[PDB]
Amino acid sequence: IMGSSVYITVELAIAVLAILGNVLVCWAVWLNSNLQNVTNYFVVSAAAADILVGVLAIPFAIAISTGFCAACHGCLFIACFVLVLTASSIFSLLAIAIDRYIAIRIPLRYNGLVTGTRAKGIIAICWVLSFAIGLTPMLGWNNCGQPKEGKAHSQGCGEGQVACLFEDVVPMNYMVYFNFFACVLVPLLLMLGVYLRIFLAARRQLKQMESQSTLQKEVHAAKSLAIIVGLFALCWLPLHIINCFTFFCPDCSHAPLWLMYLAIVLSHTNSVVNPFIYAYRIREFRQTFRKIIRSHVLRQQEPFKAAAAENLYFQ
Ligand SMILES: CCNC(=O)[C@H]1O[C@@H](n2cnc3c(N)ncnc32)[C@H](O)[C@@H]1O
Ligand SMILES: CCCCCCCCS[C@@H]1O[C@H](CO)[C@@H](O)[C@H](O)[C@H]1O
Ligand SMILES: CCCCCCCCS[C@@H]1O[C@H](CO)[C@@H](O)[C@H](O)[C@H]1O
Ligand SMILES: CCCCCCCCS[C@@H]1O[C@H](CO)[C@@H](O)[C@H](O)[C@H]1O
Ligand SMILES: CCCCCCCCS[C@@H]1O[C@H](CO)[C@@H](O)[C@H](O)[C@H]1O
Ligand SMILES: CCCCCCCCS[C@@H]1O[C@H](CO)[C@@H](O)[C@H](O)[C@H]1O
């Protein structure tokens, strides 16, 4: 229960990269006026949620790995808060995919259908679903009725306290039957379905060229969605597949602790790549990113630049 320092520090690294990249995304929309359109509300939402994952969710996740002494229901609330915030991250990422779906399939009415007000509707829905799902264990679907005294004793916890571990407060059936399907499998299948429809649009345009600018938009879009989906599956499936193994094999010895830490960390790394890489693949975002990091360097190197120039003067 002591914990692994290697895990803690790698987990801390991800939090920083998640905050850096997504502040970068949001900063870029505030400065650049070209980036201030409806389509980017979905990108800003996702970036905002990823920040909260770095600031709030990952620090909370670190705590839950240590098995510190606390009231079971306090421990459950922290685990639930990790679930809500990561869920919002997933759902707001889905919103980007549904947006691109409408944009490519119904390009005419898109501008009349996907308005700034309706975009905030969708954003709110993302957060309603996140709370409803991640807080579900609060309503009674939890392991707090059956505390572990033997483990609580070994950690030297006072009476009425337990070792705060994730798998000790959050039930595996909740994780497997509700959380995995609602939060991971459905969104993944929906996003994969969106990618397959954009790909097929590109294939139809390409087949027409076998007889003598929309094709470039669709090929770029399909690539962007392949990245999102590929990364999302690589980041989220290992941890949840592990959870299924744990649930369906109660007699099996538990999956190694190093694999657990790797999978948890892997799931958190979705908040640094999604949707940074997506935004980074729009030139307008990419150029604005340069102006910001540029101005950060021509203002941090100044003490050493002035020193070197003065050192050469009297050389
Ligand atoms: C909405 C999906 N959220 C999660 O799965 C997060 O919950 C936590 N989590 C999920 N399964 C486990 C587990 N078996 N052990 C510890 N934490 C977990 C991780 O921080 C995940 O990123
Ligand atoms: C997790 C936190 C959720 C953050 C969501 C931020 C949504 C900002 S929308 C944006 O706000 C501007 C003024 O602020 C208005 O000028 C625009 O018309 C309007 O579209
Ligand atoms: C929970 C259901 C919420 C309904 C969906 C719309 C959310 C609007 S929030 C609020 O609305 C103002 C105008 O309505 C915007 O200008 C602000 O930027 C925004 O912060
Ligand atoms: C530690 C506490 C951190 C929790 C942060 C939650 C941020 C909520 S943003 C808020 O969500 C609403 C629906 O809940 C939407 O209707 C609005 O558009 C949006 O402004
Ligand atoms: C709206 C109020 C609804 C109340 C929700 C109760 C549903 C609990 S199901 C049952 O709860 C046990 C708690 O003792 C756990 O041990 C088990 O894992 C789980 O199968
Ligand atoms: C808000 C509460 C919503 C639903 C709570 C009850 C969910 C239990 S499902 C079902 O329970 C059985 C034993 O009870 C087992 O087959 C597994 O543990 C699980 O598959």
# chains A, B, ... in the order shown; residues from 1 in each chain; ligands from 1
$ residues_around --residues "residue 162 (chain A)" --least-positions-apart "6" --cutoff "9 Å" --atoms "only C-alpha atoms" --output "list in words"
residues 67, 68, 69, 70, 71, 72, 75, 147, 148, 149, 151, 152, 153 and 155 of chain A
$ residues_around --residues "region 121-138 of chain A" --least-positions-apart "2" --cutoff "8 Å" --atoms "only C-alpha atoms" --output "MDAnalysis selection string"
chainID A and resid 42 45 76:77 80:85 87:88 91:92 95 117:119 140:142 170 174 179
$ atom_distance --atom1 "CA of residue 112 (chain A)" --atom2 "CA of residue 38 (chain A)"
11.0 Å
$ select_by_dssp --residues "region 28-251 of chain A" --states "helix (DSSP H, G or I)" --output "CSV table (one decimal) with C-alpha atoms, in the first residue's frame"
chain,number,residue,atom,x,y,z
A,28,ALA,CA,-4.6,30.6,-28.7
A,29,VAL,CA,-8.4,31.0,-29.1
A,30,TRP,CA,-8.4,34.1,-26.9
A,31,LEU,CA,-5.6,36.0,-28.8
A,38,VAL,CA,-18.5,28.0,-33.1
A,39,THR,CA,-16.5,24.9,-34.1
A,40,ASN,CA,-13.8,25.8,-31.6
A,41,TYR,CA,-16.2,26.0,-28.6
A,42,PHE,CA,-16.0,22.2,-28.7
A,43,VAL,CA,-12.2,22.4,-28.8
A,44,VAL,CA,-12.1,24.9,-25.9
A,45,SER,CA,-14.5,22.7,-23.8
A,46,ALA,CA,-12.3,19.6,-24.3
A,47,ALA,CA,-9.1,21.6,-23.5
A,48,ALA,CA,-10.8,23.1,-20.4
A,49,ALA,CA,-11.8,19.6,-19.1
A,50,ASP,CA,-8.2,18.3,-19.7
A,51,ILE,CA,-6.9,21.1,-17.6
A,52,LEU,CA,-9.2,20.0,-14.7
A,53,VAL,CA,-7.8,16.5,-15.2
A,54,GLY,CA,-4.2,17.9,-14.7
A,55,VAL,CA,-5.1,20.2,-11.9
A,56,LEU,CA,-7.7,18.2,-9.9
A,57,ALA,CA,-8.1,14.6,-11.3
A,58,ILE,CA,-4.5,13.5,-11.4
A,59,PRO,CA,-3.6,14.8,-7.9
A,60,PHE,CA,-6.7,13.0,-6.6
A,61,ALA,CA,-5.6,9.9,-8.4
A,62,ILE,CA,-2.1,10.0,-6.8
A,63,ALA,CA,-3.7,10.1,-3.3
A,64,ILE,CA,-6.0,7.1,-4.0
A,72,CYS,CA,-14.7,5.3,3.5
A,73,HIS,CA,-17.2,7.8,2.2
A,74,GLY,CA,-14.6,10.5,1.9
A,75,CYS,CA,-12.4,8.1,0.0
A,76,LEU,CA,-15.4,7.2,-2.3
A,77,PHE,CA,-16.0,10.9,-3.1
A,78,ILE,CA,-12.4,11.5,-4.3
A,79,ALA,CA,-12.6,8.3,-6.5
A,80,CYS,CA,-15.9,9.6,-7.8
A,81,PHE,CA,-14.4,13.0,-8.6
A,82,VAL,CA,-11.6,11.3,-10.6
A,83,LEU,CA,-14.4,9.5,-12.6
A,84,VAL,CA,-16.5,12.6,-13.3
A,85,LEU,CA,-13.6,14.8,-14.5
A,86,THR,CA,-12.1,12.1,-16.8
A,87,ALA,CA,-15.6,11.4,-18.1
A,88,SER,CA,-16.1,15.1,-19.1
A,89,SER,CA,-12.8,14.9,-20.9
A,90,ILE,CA,-14.1,11.9,-22.9
A,91,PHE,CA,-17.5,13.4,-23.7
A,92,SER,CA,-16.3,16.8,-24.7
A,93,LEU,CA,-13.8,15.0,-27.0
A,94,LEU,CA,-16.8,13.1,-28.5
A,95,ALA,CA,-18.5,16.5,-29.1
A,96,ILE,CA,-15.7,17.4,-31.5
A,97,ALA,CA,-16.3,14.2,-33.5
A,98,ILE,CA,-20.1,14.7,-33.8
A,99,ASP,CA,-19.4,18.3,-34.9
A,100,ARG,CA,-17.0,17.2,-37.6
A,101,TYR,CA,-19.6,14.5,-38.6
A,102,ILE,CA,-22.3,17.1,-39.2
A,103,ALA,CA,-19.8,19.5,-40.9
A,104,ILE,CA,-18.7,16.9,-43.5
A,105,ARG,CA,-22.0,15.1,-44.1
A,110,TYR,CA,-24.2,23.1,-40.6
A,111,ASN,CA,-23.9,26.9,-40.0
A,112,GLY,CA,-27.6,27.2,-39.3
A,113,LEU,CA,-27.8,24.1,-37.2
A,116,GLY,CA,-23.1,29.2,-30.6
A,117,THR,CA,-26.1,28.7,-28.3
A,118,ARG,CA,-26.6,25.1,-29.4
A,119,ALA,CA,-22.9,24.4,-28.9
A,120,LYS,CA,-23.3,25.4,-25.2
A,121,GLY,CA,-26.3,23.1,-25.0
A,122,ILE,CA,-24.0,20.2,-26.1
A,123,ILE,CA,-21.3,21.3,-23.6
A,124,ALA,CA,-23.8,21.3,-20.7
A,125,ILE,CA,-25.0,17.8,-21.7
A,126,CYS,CA,-21.4,16.6,-21.6
A,127,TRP,CA,-21.2,17.7,-18.0
A,128,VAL,CA,-24.6,16.5,-16.9
A,129,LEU,CA,-23.7,13.0,-18.2
A,130,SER,CA,-20.3,13.2,-16.4
A,131,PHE,CA,-21.9,13.9,-13.0
A,132,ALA,CA,-24.7,11.5,-13.4
A,133,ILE,CA,-22.3,8.6,-14.2
A,134,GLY,CA,-19.3,9.4,-12.0
A,136,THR,CA,-23.6,7.1,-9.4
A,137,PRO,CA,-21.5,5.3,-6.7
A,138,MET,CA,-22.5,8.0,-4.2
A,139,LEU,CA,-26.1,6.9,-4.4
A,149,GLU,CA,-10.5,-4.1,8.9
A,150,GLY,CA,-7.5,-6.4,8.4
A,151,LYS,CA,-6.0,-4.0,5.8
A,152,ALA,CA,-7.1,-1.0,7.8
A,153,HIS,CA,-5.2,-2.4,10.8
A,154,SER,CA,-2.0,-3.1,8.9
A,166,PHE,CA,-9.8,2.8,-5.6
A,167,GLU,CA,-10.7,-0.9,-5.9
A,168,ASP,CA,-11.8,-0.9,-2.3
A,169,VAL,CA,-14.5,1.8,-2.6
A,172,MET,CA,-15.9,-3.7,-10.2
A,173,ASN,CA,-19.4,-4.3,-11.6
A,174,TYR,CA,-20.1,-0.6,-11.7
A,175,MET,CA,-16.7,-0.2,-13.6
A,176,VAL,CA,-17.4,-3.1,-16.0
A,177,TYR,CA,-21.2,-2.8,-16.6
A,178,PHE,CA,-21.8,0.9,-16.4
A,179,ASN,CA,-18.6,2.9,-16.6
A,180,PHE,CA,-16.8,0.9,-19.3
A,181,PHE,CA,-19.8,0.9,-21.7
A,182,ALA,CA,-21.1,4.4,-21.1
A,183,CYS,CA,-17.7,6.2,-20.9
A,184,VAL,CA,-15.3,4.2,-23.1
A,185,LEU,CA,-17.0,1.7,-25.5
A,186,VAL,CA,-19.9,3.8,-26.7
A,187,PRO,CA,-17.9,7.0,-27.3
A,188,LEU,CA,-15.2,4.9,-29.0
A,189,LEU,CA,-17.7,3.2,-31.3
A,190,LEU,CA,-19.4,6.5,-32.1
A,191,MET,CA,-16.1,8.2,-33.0
A,192,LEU,CA,-14.9,5.1,-35.0
A,193,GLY,CA,-18.2,5.4,-36.9
A,194,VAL,CA,-17.7,9.1,-37.6
A,195,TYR,CA,-14.2,8.3,-38.9
A,196,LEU,CA,-15.5,5.6,-41.2
A,197,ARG,CA,-18.1,7.9,-42.7
A,198,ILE,CA,-15.5,10.7,-43.4
A,199,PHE,CA,-13.2,8.0,-44.9
A,200,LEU,CA,-16.0,6.8,-47.2
A,201,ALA,CA,-16.6,10.3,-48.3
A,202,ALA,CA,-13.0,10.6,-49.3
A,203,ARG,CA,-13.2,7.2,-51.1
A,204,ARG,CA,-16.2,8.4,-53.2
A,205,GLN,CA,-14.5,11.7,-54.1
A,206,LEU,CA,-11.4,9.8,-55.1
A,207,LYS,CA,-13.3,7.4,-57.3
A,208,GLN,CA,-14.8,10.3,-59.3
A,214,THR,CA,-13.5,19.0,-50.8
A,215,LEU,CA,-11.2,15.9,-51.1
A,216,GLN,CA,-8.3,17.7,-49.3
A,217,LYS,CA,-10.7,18.8,-46.4
A,218,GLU,CA,-12.0,15.2,-46.0
A,219,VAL,CA,-8.5,13.5,-46.2
A,220,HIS,CA,-7.2,16.0,-43.6
A,221,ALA,CA,-10.3,15.4,-41.4
A,222,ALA,CA,-10.1,11.6,-41.7
A,223,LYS,CA,-6.5,11.7,-40.6
A,224,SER,CA,-7.4,13.9,-37.6
A,225,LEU,CA,-10.1,11.5,-36.6
A,226,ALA,CA,-7.9,8.4,-37.0
A,227,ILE,CA,-5.4,10.1,-34.6
A,228,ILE,CA,-8.2,10.9,-32.0
A,229,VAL,CA,-9.6,7.3,-32.1
A,230,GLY,CA,-6.3,5.4,-32.3
A,231,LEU,CA,-4.9,7.3,-29.3
A,232,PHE,CA,-8.2,7.2,-27.4
A,233,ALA,CA,-8.3,3.3,-27.7
A,234,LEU,CA,-4.6,3.0,-26.9
A,235,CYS,CA,-5.1,5.2,-23.8
A,236,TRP,CA,-8.4,3.9,-22.4
A,237,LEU,CA,-8.9,0.2,-23.3
A,238,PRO,CA,-5.9,-1.3,-21.4
A,239,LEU,CA,-7.1,-0.2,-18.0
A,240,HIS,CA,-10.7,-1.1,-18.7
A,241,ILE,CA,-9.8,-4.5,-20.3
A,242,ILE,CA,-7.8,-5.1,-17.1
A,243,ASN,CA,-10.9,-4.3,-15.0
A,244,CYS,CA,-12.8,-6.9,-17.0
A,245,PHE,CA,-10.2,-9.5,-16.3
A,246,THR,CA,-10.4,-8.7,-12.6
A,247,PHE,CA,-14.2,-8.9,-12.6
A,248,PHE,CA,-14.5,-12.1,-14.7
$ select_by_dssp --residues "region 32-228 of chain A" --states "strand (DSSP E or B)" --output "PyMOL selection string"
chain A and resi 69-70+162-163
$ write_last_selection --atoms "N, CA and C atoms" --output "mmCIF file, in the first residue's frame"
data_model
loop_
_atom_site.group_PDB
_atom_site.id
_atom_site.type_symbol
_atom_site.label_atom_id
_atom_site.label_comp_id
_atom_site.auth_asym_id
_atom_site.auth_seq_id
_atom_site.Cartn_x
_atom_site.Cartn_y
_atom_site.Cartn_z
ATOM 1 N N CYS A 69 -5.145 6.723 5.340
ATOM 2 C CA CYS A 69 -6.264 6.521 6.265
ATOM 3 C C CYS A 69 -7.315 7.618 6.145
ATOM 4 N N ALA A 70 -8.563 7.205 5.922
ATOM 5 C CA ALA A 70 -9.693 8.131 5.814
ATOM 6 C C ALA A 70 -11.035 7.422 5.970
ATOM 7 N N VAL A 162 -10.481 3.423 6.873
ATOM 8 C CA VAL A 162 -10.004 2.376 5.972
ATOM 9 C C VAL A 162 -8.867 2.891 5.098
ATOM 10 N N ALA A 163 -8.075 1.963 4.562
ATOM 11 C CA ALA A 163 -7.060 2.286 3.564
ATOM 12 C C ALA A 163 -7.737 2.742 2.269
#
$ closest_residue --among "A:12, A:18, A:24, A:6" --to "residue 279 (chain A)" --atoms "only C-alpha atoms"
A:24
$ closest_residue --among "A:298, A:14, A:108, A:157" --to "residue 266 (chain A)" --atoms "only C-alpha atoms"
A:14
$ closest_residue --among "A:272, A:115, A:10, A:264" --to "ligand 3" --atoms "only C-alpha atoms and all ligand atoms"
A:115
$ atom_distance --atom1 "atom 12 (C, counted along the ligand's line) of ligand 2" --atom2 "CA of residue 33 (chain A)"
12.3 Å
$ atom_distance --atom1 "CA of residue 1 (chain A)" --atom2 "CA of residue 164 (chain A)"
9.4 Å
